[PDB]
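With ideal geometry, Cβ positions are generated from the backbone for all residues, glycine too; neighbour counts draw on all protein chains shown. Just so you know, all these numbers are worked out from the coordinates, no wet-lab data involved.
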Amino acid sequence: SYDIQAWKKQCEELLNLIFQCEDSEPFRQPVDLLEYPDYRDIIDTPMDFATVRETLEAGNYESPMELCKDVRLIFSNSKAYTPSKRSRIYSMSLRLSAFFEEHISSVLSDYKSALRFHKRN
Ligand SMILES: CCCCNC(=O)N1CCN(C(=O)c2ccc(C)o2)CC1
């Protein structure tokens, strides 16, 4: 399965599944600084799933590893901003992270395998 370009549509489909998850609602658009006035005191690099989808559709990811780094930043931002491990929005992030990691692992493996096959000779 050595298609070097296959990751892009695989990531589009996984983003569609994440947008159908009720657990993604807080992560679909940038944090409102009006409602969370201290957000940018703590978070130096905002990230949301609409920004990830737009970056992918612009052709501004070279690899699924770059997309994976931005999605993991959504989750690390939620962990850094939460006042408690028992917060609603943080708990939604942990379930969504487990779902994302379960589905991205084959996308990364197949891409890296395809690149190794491309350089085989
Ligand atoms: C305007 C449409 C939604 C915008 N998102 C949004 O407001 N947030 C999601 C990110 N965030 C957190 O990760 C987080 C962790 C713990 C708590 C209370 O928030 C801050 C809130």
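Exposure proxy shown here: for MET47, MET92, the number of other Cβ atoms within 10 Å sets the order, fewest to most, as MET92, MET47.
When each of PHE19, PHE100 is scored by the number of other beta-carbon atoms lying within 10 Å, the sequence from fewest to most is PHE19, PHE100.
Cross-link pairs exceeding 26 Å in C-alpha to C-alpha distance, out of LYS8/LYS79; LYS8/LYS119; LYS69/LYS119; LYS85/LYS112; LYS8/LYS85, comprise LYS8/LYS79; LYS85/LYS112; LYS8/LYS85. Orientation-averaged projection of region 26-77 equals 3.7 nm² [convex hull of Cα atoms, one quarter of hull surface area]. Rounded to the nearest 20, the Cβ-based charge dipole of region 31-71 about its Cα centre (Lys and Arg +1, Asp and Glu -1) stands at 140 debye.
Between region 32-86 and region 1-20, the alpha-carbon centres lie 19 Å apart. Over the chain, Cα pairs under 8 Å with separation of 6+ residues give a relative contact order of 41 percent. Each of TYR61, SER1, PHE100 was scored by the projection of its Cα onto the charge dipole of the chain, and the greatest displacement toward the positive side belongs to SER1; charges sit on the C-beta of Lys, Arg, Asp and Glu. In summary, region 7-53 shows an alpha-carbon radius of gyration equal to 1.35 times the 2.2 N^0.38 Å reference for compact globular proteins. Extension gain for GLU35-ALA6 works out to 6.5 nm (0.36 nm per residue, less the C-alpha to C-alpha distance). Counting only Cβ charges, +1 for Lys and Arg and -1 for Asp and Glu, the dipole size of the chain around its Cα centre is about 580 debye.
Ranked for footprinting exposure by Cβ neighbours inside 10 Å, fewest first, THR45, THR51 give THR45, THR51. Per residue, the convex hull spanned by the alpha carbons of the chain comes to 110 Å³.
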